[PDB]
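Hydrogens, waters and symmetry mates play no part in the numbers below; they use all other heavy atoms, side chains included. Chain naming here is simple, since letters A, B, ... match the order of the sequence lines and numbering starts at 1 in each.
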Amino acid sequence: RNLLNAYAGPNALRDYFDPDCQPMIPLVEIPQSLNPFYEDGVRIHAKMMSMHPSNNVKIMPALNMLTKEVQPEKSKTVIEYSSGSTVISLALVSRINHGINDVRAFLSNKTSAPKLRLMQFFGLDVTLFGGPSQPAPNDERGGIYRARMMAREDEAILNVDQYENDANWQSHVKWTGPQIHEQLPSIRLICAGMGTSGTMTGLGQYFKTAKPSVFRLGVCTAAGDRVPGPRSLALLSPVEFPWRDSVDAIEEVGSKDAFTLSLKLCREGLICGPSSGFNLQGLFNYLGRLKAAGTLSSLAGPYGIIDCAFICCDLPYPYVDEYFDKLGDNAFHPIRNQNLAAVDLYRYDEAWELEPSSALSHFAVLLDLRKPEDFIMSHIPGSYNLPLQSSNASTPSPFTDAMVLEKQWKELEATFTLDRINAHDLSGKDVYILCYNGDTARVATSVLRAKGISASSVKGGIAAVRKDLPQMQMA
Amino acid sequence: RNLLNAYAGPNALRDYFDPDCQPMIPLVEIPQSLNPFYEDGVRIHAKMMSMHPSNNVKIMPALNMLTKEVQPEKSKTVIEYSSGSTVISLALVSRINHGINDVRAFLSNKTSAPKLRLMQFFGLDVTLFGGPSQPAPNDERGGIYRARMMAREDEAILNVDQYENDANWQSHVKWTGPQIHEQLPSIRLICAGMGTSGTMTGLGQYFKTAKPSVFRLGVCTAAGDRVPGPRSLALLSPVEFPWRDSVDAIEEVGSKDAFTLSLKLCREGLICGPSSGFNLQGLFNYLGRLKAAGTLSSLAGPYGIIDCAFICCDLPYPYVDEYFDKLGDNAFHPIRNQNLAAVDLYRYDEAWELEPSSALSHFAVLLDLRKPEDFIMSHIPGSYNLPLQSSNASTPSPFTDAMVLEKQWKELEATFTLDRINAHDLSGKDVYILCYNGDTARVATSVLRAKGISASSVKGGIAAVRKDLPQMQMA
Amino acid sequence: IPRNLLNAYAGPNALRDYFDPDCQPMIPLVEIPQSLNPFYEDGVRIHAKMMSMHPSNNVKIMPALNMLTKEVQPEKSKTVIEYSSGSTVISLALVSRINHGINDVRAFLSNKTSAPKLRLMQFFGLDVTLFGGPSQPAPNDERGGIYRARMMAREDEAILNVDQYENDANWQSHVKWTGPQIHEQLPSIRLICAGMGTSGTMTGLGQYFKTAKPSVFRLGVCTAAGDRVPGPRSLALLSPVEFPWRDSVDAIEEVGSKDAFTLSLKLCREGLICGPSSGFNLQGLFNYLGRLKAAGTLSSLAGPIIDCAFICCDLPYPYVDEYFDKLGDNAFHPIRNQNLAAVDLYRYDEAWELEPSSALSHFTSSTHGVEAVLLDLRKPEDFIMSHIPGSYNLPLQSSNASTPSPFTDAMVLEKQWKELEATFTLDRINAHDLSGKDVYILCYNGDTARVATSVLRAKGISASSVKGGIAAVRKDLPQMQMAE
Amino acid sequence: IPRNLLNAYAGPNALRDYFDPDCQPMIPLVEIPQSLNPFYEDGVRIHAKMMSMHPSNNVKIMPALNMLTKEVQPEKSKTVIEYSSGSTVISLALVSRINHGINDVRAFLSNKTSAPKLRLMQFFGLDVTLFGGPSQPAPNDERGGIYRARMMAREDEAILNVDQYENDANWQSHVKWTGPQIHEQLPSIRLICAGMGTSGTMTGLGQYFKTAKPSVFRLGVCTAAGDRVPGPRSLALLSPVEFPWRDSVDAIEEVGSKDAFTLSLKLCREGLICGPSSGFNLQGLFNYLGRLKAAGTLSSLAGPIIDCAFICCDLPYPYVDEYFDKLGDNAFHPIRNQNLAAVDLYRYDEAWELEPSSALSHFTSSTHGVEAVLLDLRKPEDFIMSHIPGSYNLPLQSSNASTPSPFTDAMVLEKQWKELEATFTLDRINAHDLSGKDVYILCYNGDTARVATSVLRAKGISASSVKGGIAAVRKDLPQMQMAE
C-alpha cells in the first residue's frame, strides 16, 4: 500500500482509485451517545465507503466488473441502469482505467432533480425511464432489461449489469471484506443494506468462510417505502445472487428513520448518506430484538464486548433537500433574518464607499437621500435631494435591523426606475450618494451599480463631512 | 499514524479527525490530458484536502484555533462568520473535541440556498447579514466585526476569528506543509488560493525555511468577480497575516475558468470544488507566463521535471447548480426523455400487476381501457368500459415512447377525477384495470393508487387473458 | 299653428315635420300621482314636461333645432362641430341631416366619458374626439374643447360651431316652444322648475314666464358641490356662463345625485319613464316645497291650488347601470334563481328531443361504428343489466333513478350541467369518436338527457335525446322485462 | 273617440289617460326618406308605425293593456305572473300599477337572458325568476316557465297569468288600436308588414285588415333558422302557437340578424329611433318588394302608388352593445383620440389653479414645514439655478422648457400623466409628507402642473397649481433675473 498516500507517474489516478494500493477504507467506531446498546457491551464501527475518492460504495463493483467485462479495442460505450452511485463510479473508472468517455446512464424519471443534475455534472448521458423507479431486472419495460438488450447488439456497447453480474458481490469478497476483518479482528456482526445485494452478498460469503461465527444481518426497505440505494424484500426475491446464503437475518427499515439516523451521524462527524442511517437503524432493530429476548450476550466474544461493523455507502450532499422534506422543521435551526435572502441580492464593493475628502474632491452629480426638511435646513451645495420614506433621522441602521434593510432596499429599487434615473440625468456620469450615516447610501450604491450607474457612497454620510471638512460651507 | 485506518475506543472520532493520527491527505498527480505543460517537464500534484473526513480544508484552522482558544468549562457557545466551510468544520470539532453543541453561523444573505440548507443540515444556527458578501474584518457593519464584538461580552461566547487568528495559518505550518514536503520531496512550486490567506501563508511560511527554493504562488479572485472561498487582491490588503512574506507572485483568476477547471477535475477522478479549479487555473496562468517569457526551465530541479503542488479545498456537491448557471449547456449532456421528469410522478408496485389467472380469480370491479368499438366486439363480461383518446390498438407502448407516456398519464390523471371515480363507485373496492397489452393499465394503476384506490393491472392485457384462459367466454 | 291631428307624416318632408315642435303634438304634460306627491294634501299639483317624448328623446332637440336654423348657411355650411356632454351633439346630428342634409357632425367629448356613452355617440353616426383636462371646462379655457371648437369654425369658412354654451338661440328655443306649450297646457301654473347645465332650459323658461304671467315662481336646481349627475351642473360651474340665468330664477336648490337617481327610479315605475336629471329636477322642487311648507308660507304660492311644472329631460336607458351603483339593494328585487345565470349557457332546439321509436330507429338504420353512436348515462351496473346493444356507457353521478327533473330543481340542473361539461371534454369526445356522428342520449330521467344535448350541441356534436328516460324503452328490452 | 288636443293630462287619472291609446294622440306614422327607400322610384311609399313612441316605449303595451283589462278581477287579483322575453312583462308592471293598483308582478325569464337586460327588469320593479332549459319553450312544455306560470294562476285564486302566448286578447289589441290607427293614418294602404314573435301583432293587423280593406297585402317576417333577433321568432318556433296567424298573413319572409341590426342602425340615424326588430321588419319588406320587383309584378300591388306600413317595436338603447358585436367597423366612425380614454381618468376643479401671487402668498403665509409644501417639477439644474426657497424638487422627464401643453398633444398628456402617476406613489407621498398639507405645483408649462393636481387630488392630497409656468414667477426670483 501507498504509505505516504502520494501518487505520481502516468498511472497516478489508477493507483489512487486502487483499493489495494490506497490506504484501507476508514473504519470508525461511532460515539457512545449514538449507541443505545453501549452499556450492554455493544461496539458499532462504521465502514466509511464514502471516504473512497469516488465517494460511493459502488466503486468496488464498478472496478471489478469493468476489469472483467471490458474488451480492449472492442468496447467504446458503457450503458447501465442505476440509482445514481453505480453510473458515477462507472463513468470515472471507464475513463481512468479503460479510456472510455461514452457512458450512458439509465435512471428513473422520478429521481430528484439534484440527483439528476449530479449525473450530468459527471459527464453522463442520462435517459429517463417511466414506470417503476426500481424495476425488476426481468421487467422488459425497465431500464435494466433495456440496457442488457442494447448491449447484445452493437458489440462495442457494454452493459456490465450490476444487478446480475457476479463480479459485483465478488468485489466485496476481494476488498471490502478482507479490510473489515483485518481492521476489526474481533468482529462479531456485519451489517449492510441490500440494493443489488452485492455488498451484503460479498460480505456474507466472505465471512461465511473467514470467521464463521460472525452474524450476517441484512437490511431491506419497508414495504411501500423508499430509500435511495437499498430495495425492498419483495424486489430481492428474483435476484440470482447468493444473498440467501450470505445473510443470517433480515431487517426492514423505513425512510424516516433512515434520514434521521443519517442526520445524527453527519453531525457526529461521520458524514454519510441516508442509506447509512438506514443500515444503522437495521442494526439497532436487530440488537433491540435480542435485548428484548435476552439473547444479546450470545453474540459477545471472550471479552464481553460485541463488535459490529456496518456499511456507510455514500455522502448526503445530493440528498440534502430530501432531509427537509422527510424530517420536520425541528432538528433544523431556522435561519435568522431569513427575509434578507430575497431583498438584498446585489454585490457591494468597498471601493464604492469613499471618505468625505475623496468624494467631494471629484465634484458628476451628488445625491442626498435625507428627508426634504432635513435637506432644506442644511445640505451640500450643488446636490440633488431624493428623499425616502423608510429613512429619516431616527431610523436605525439598515445593517442593524433586518426589516429596515428590507424596506430601504425595496424603496431604493422602486425609486430608481428608468424614468427617474433619466429625470436626474444619472446615466453616463459619476453619481455620489449622501445619507445621514452613510449606511442607506451604501445600500443605494448596490442598487445603482447593478443598474449600470457608477454610483459611490460617502462613509459617515452628512455627519462625517461636517466633522472631516468643517470649512466647507453648507448653506 | 493509524496504519490500519481503523479507529476504536472512546476517542475514535477524535483520532479520526486528527491529521497526525490519520493517513496523510492524498496528493495525486493530475493526468497528462489536463496538464498543458506536461511536455515542458511540468508535473502538477493535487493536495485533496477535500479527502479529510470533514471534506474541507478549513478543518486545519478549526482544529488548531479551537484547541488554542477554547477554555474548558468556560466556553459554551462558538460564533464565527464564514463562507460555509469554516463554520462546518467548527461545528464538528466543537462537538468532537470540546463537547460544544451551540455553534452560531454568520453568513451573507446572498449565499446560495443549497449552501444555506447545508449549514442547517450540520446543526448550525444561521444568521444572515446584508451588505458586502465578503466584508472586511474591520467593517463594523459586517459579520466578522459583529462576531468578534459579541465574543467580548458573555465570556462563554467564543469567536476564534479565522480572519485574524494566527492559529489559522499556523495550522498549515503544522500539518498541510509538512505533509506535502514529505509526499513530494522534489517540490518546486506550491500554489494555493487565498481566502483568509491562512492556507497560503501557512504553506508560504513553512517553505520559506524548509526548502527555500520552492516558488510560492498565490491566487486571488479577479476584480468584480466572485469565487466561493478565495477573495480579491483588494480584500487581502487589510489582513494582518504575513501573506506578503509567504508569496513570491500573485495571479488573478475569474469564476468562469474556476468552475470550468473544477468540472474537468471531477470527471478525471479528482472530485473537488470550484476553488480547486480556481487554484489550478492560477498555476496555469503563471506557468504560461514563464513559458511565454522562456524562463520556465528556471523552476526545474536536477532532473528536468518541475513538481508543482496545488490545494484542492472542498467538494463540488453544494455548488452543482452554480455550474449550470456559470457554464453553458455545452459540456453537459442534455437529459433524454426530459419530459418524463414531470409527467409520471407516482410509484409503481410489482404487486399491483397480476397474471390473468390471479386477477380474474378475485372477481370488486373490472375496468377496461380499450376503445369503445373494440370493447363492443369483445370484452370480459361484467367489466366497465372507460376508453382513452391516447390509447388505441395501434398505439405504441407508453414505456417505449416518451410522448405517449406523457399523453396517457395526463389523460388518465384528467379522467379519474373525484366525480368520475364515484360515477363508477370505485371507492372502497378492489379495482382491476384491463388494457390491450397491460402497459396502459399499469400506468393507470399508478394513478389510482396515488388517489387512494386499490387498483391492479393485468399483465398482457386482453391479449393475455385470451391465451392464458381460452375457456372464459368473452361475449 | 295647426298640429298634426292624425300624428301621420308623409311626403318628402315627413322627417322635417315629425321633428317640428310646431307640427307635432305638444310635448306631453302629465300630473304625477298622489303616491309620489308628498304635498298633495296641501293643494299642490306637480306636472312633468316629458321632453323625453320628442322623437329625439331628449330636451336638447329644442336648442339644436333653433341654433342650427339660425346659424347654418345653406350651400355653404358642410361641417358641424360641437363640444357637449352627450345629449346635445346627438340632437345636432339628427337635425343636421333632417333639416340641412349635413352628415359631417364631429363631437368633442371628454376623455373621461364612460365607455357605454362613448358607443352611443358612435351609434348615432358621430365623429368623436376626446379632450383631456377638465370634463366641463370654462368656455374661455383655451385648453378645453369649447374654445378650439369655436376657433375651428372661425378658422374655416365651411365649419360651423353653434356653441350651445354661448349662443342665445339655446335658451331662446325654450322661449319659443317649451315655455308657451307649458303655459297653454297649464294656464293656472304658479311655479316652473328645471335643472341648469348650460342653463338654456331654465333661462328660456324663466325669461318667457317673466313677462308671460309674471306671478309664476321660477325655481332652478343645481347639483351639490360634491356630487354630479348627468345633465345639469353645480352652482360653481354656473358662474362663467353669460346667459341671463340669474334674471331667470327666483330661487335655486341644490340636490345630490343619490336623491336624483332614487326619485328618477320612482318616476319610471309610475309610468313616467325619465332619466336621472328628471328626478334631480323633481327633488329640487320637493326641497323648495318642503322648506316652504315647514315655514308655513306654502299658501303664498297659491292663487284662489298650486300648479307646478318641472322638466323631464331624457330617458334612463343609457344610465341603467349607474342606478345599481348609486342605489342600494333595497327597492331592487333580487333574482329568484340567480345561480342559474351561469350554469345553462347554451340553447335548445326541441327537434333534438326525439320520440323513443324514432331515435332507436335512426340509431339502428345508420351503422353503429361509423355514422351514429348511442350514449347511455345510467349507472354501470344498470347498464350491465340491460341496455341497447352497441351503445356506450358514460355514467353521471348527478343523475339517479329517483333524481327529479333538473328543470324542477335549480341545484340539480346546476350539478348536472356542471358534470356534463366536466365529463364531455374534447379528450372524451375524441375517445368515443363523437365528432361527425349522430349522437343519441339515453338517461334515467330524459330531461337530464336534454341538458346533455345542449352541452354537446354547443361544441359541434350533432346530439339528440330520447324522449322519456329508460322507462319509455322498457318495452324494447327483454332482459329488463325478465328481471321483474 | 276624442283625443287630447293639448297632450296635457291632469287629475287623479292622469297616468291612466296618458297610457290610453284612445286618449293619447295616435302612435305616429312617418314616411321614411328616399335615401332609405330603394324602390322609391318605383312608386312605393313606406311608412313606419313608431310603437316605440308610446309612453311605455314598446309594442307590448297594447296586449298588456287589453289582456289585463280583460283578465284582472278587481278586489280579488293581487299578483300578476308572466313568462316573457323582456318587453311584455315591463309593460305589464306599468299597467298593473296604473290601471289596477297591482305591484306584485313576477317575471319568469330564461337563465340565458343577458345581464344588461336582467337589470332592466329589476329597474322597472319586476320580480325575476330564471328558468333553465330552452329560452323559448313551447307553451305545453311542462318544464318551461310558460306552463308553470299558467298552473300557478290555476292553483291559487289570487294569482293571475294573462299568458301572452295563448290569450286572444293579445292579437285582439291590435285589431282594436294598431290596425284602425294605421288604416285612418294611411287610407291608401296596400301592404302591412310586421314581425312575428308571439304573432300577436301580425295576427291583429292581419285579422283586422282582412275585413277592413281586404285588398291590402299582409306580409309577415320571421327570423332565419340559424339567426335570432330580439322580439320575433323563426318559422319553426311559430308552429305550436294557436293564434290564427296563417289566416292573417299572405306571405312570409325570413330575415337574418345582421341585416336587421344594419337597417335598424340606418333608421335611427335618419331620425326614426327604433330597435333591431324594427330593421328586421323593414328588411322583410325590402326582400318581398325586391323579389316582387325583379319578377315584374310590383305594379300588381298598386291601385291607381304603393303605400306600405311596417311596425317599429321598441327603442335600440338596451341593445347598443349588440350592434357593435354584430356589425363591422364600417358605418362606425373611430374615436379620434382613443388613447386618452385611459390616461386622464381624474377630474379637475379650476379652483385648484391659482394665480401666481395668490399661490405664493398662501405658501408663505402657512408654515413651510407643517402646513404647506411647494413642489418644483423642473430639471434639477434649473432648480439649483433659481427656485422658491423652501420648495422640494421633483423633476419629471416628460416635461421640458420647450414641451408644449399636454392638452395640445395627446401623447404628451399620455406620457406626462403616466409619469405623474408613476412618480407619485404612496411611498413618495409619505417621503415628502404630502398627506394633510396644502401642496403647490410649479412647473415649466403650468398646464402640466394642472395634470399634477388632478393626479394628486384623486389620492386625497389637497394640491393646487400655479397659473403659468416658471415664466409667471420670473419677476419674483432675483437669481433668475441676474442670470440674464
Side-chain angles (χ1 to χ4, degrees), chain A residues 4-8 12-13 16-17 23-24 26-29 31 45 53 55 92 96 109-110 116-118 120-128 130-133 136 141 182-184 266-269 271 317-318 320-321 323-324 332-333 335-337 340-341 344-345 347-348 350 398-399 405, chain B residues 4-8 12-13 16-17 23-24 26-29 31 45 53 55 92 96 109-110 116-118 120-128 130-133 136 141 182-184 266-269 271 317-318 320-321 323-324 332-333 335-337 340-341 344-345 347-348 350 398-399 405:
Chain A
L4 303 176
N5 214 11
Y7 309 86
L13 263 301
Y16 184 45
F17 275 61
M24 288 192 293
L27 181 71
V28 187
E29 178 184 356
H45 306 71
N55 295 332
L92 297 178
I96 292 175
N109 73 296
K110 288 171 284 298
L116 285 172
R117 299 189 300 266
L118 187 64
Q120 295 175 288
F121 182 85
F122 281 102
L124 290 169
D125 199 337
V126 184
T127 298
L128 299 185
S133 61
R141 300 152 295 188
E182 186 173 356
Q183 288 171 310
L184 188 63
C266 294
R267 296 172 177 174
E268 291 293 339
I271 301 174
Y317 304 102
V320 57
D321 295 3
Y323 286 85
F324 292 88
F332 286 116
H333 291 306
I335 297 177
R336 302 200 174 112
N337 299 330
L340 267 54
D344 195 10
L345 312 173
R347 57 182 289 257
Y348 292 68
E350 189 166 322
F399 313 111
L405 177 60
Chain B
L4 303 176
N5 214 11
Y7 309 86
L13 263 301
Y16 184 45
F17 275 61
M24 288 192 293
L27 181 71
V28 187
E29 178 184 356
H45 306 71
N55 295 332
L92 297 178
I96 292 175
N109 73 296
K110 288 171 284 298
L116 285 172
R117 299 189 300 266
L118 187 64
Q120 295 175 288
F121 182 85
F122 281 102
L124 290 169
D125 199 337
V126 184
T127 298
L128 299 185
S133 61
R141 300 152 295 188
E182 186 173 356
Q183 288 171 310
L184 188 63
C266 294
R267 296 172 177 174
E268 291 293 339
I271 301 174
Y317 304 102
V320 57
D321 295 3
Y323 286 85
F324 292 88
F332 286 116
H333 291 306
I335 297 177
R336 302 200 174 112
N337 299 330
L340 267 54
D344 195 10
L345 312 173
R347 57 182 289 257
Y348 292 68
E350 189 166 322
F399 313 111
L405 177 60

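Of the inter-residue distances, the one linking A:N109 atom CG with B:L340 atom CG reads 5.0 Å to the nearest 0.5 angstrom. Atoms CG and CG, on A:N5 and B:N5 in that order, are 9.0 Å from each other to the nearest 0.5 Å.
Using a 4.5 Å cut-off between heavy atoms, A:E182 contacts chain B through both its backbone and its side chain. Contacts between B:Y323 and chain A at a heavy-atom distance below 4.5 Å involve the side chain alone, from C-beta outward. Only the backbone of A:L124 comes within contact range of chain B, judged by heavy atoms closer than 4.5 Å.
Of all the heavy atoms in B:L13 and A:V28, the pair that sits closest is CD2-CG1, 3.9 Å. Heavy atoms only, all atoms of each residue included: A:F399 and B:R141 are closest at CD1-CD, 3.7 Å. Smallest separation of non-hydrogen atoms from B:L116 and A:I335: CB-CD1, 4.2 Å. Pairing each heavy atom of A:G269 with each of B:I96, the nearest pair is CA-CD1, 4.1 Å. Listed here is the closest heavy atom pair of A:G130 and B:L405: CA-CD2, 3.9 Å.
The greatest number of non-hydrogen atom pairs below 4.5 Å with chain B, out of A:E350, A:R267, A:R347, A:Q183, is found for A:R267. If you tally non-hydrogen atom pairs under 4.5 Å between each of B:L184, B:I271, B:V320 and chain A, the highest count goes to B:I271. Taking chain A as the reference chain and counting heavy-atom pairs below 4.5 Å, the highest number among B:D321, B:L92, B:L118 is found for B:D321. Options A:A136, A:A12, A:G131 differ in how many heavy-atom pairs under 4.5 Å they form with chain B, and the most are formed by A:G131. Per-residue counts of heavy-atom pairs under 4.5 Å with chain A were compared for B:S133, B:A8, B:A341, B:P132; the largest is that of B:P132. Of the listed residues (B:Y317, B:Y16, B:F121), the one with the most heavy-atom contacts under 4.5 Å to chain A is B:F121.
Distance alone, capped at 3.5 Å, places no donor-acceptor pair between the A:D125 side chain and the B:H333 backbone.
With sequence neighbours excluded, the residues satisfying side-chain contact (heavy atoms from CB on, under 4.5 Å) with B:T127 are A:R336, A:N337, B:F106, B:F129. By the side-chain hydrogen bond (donor to acceptor under 3.5 Å, both in side chains) test, B:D344 pairs with B:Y348, sequence neighbours left out.
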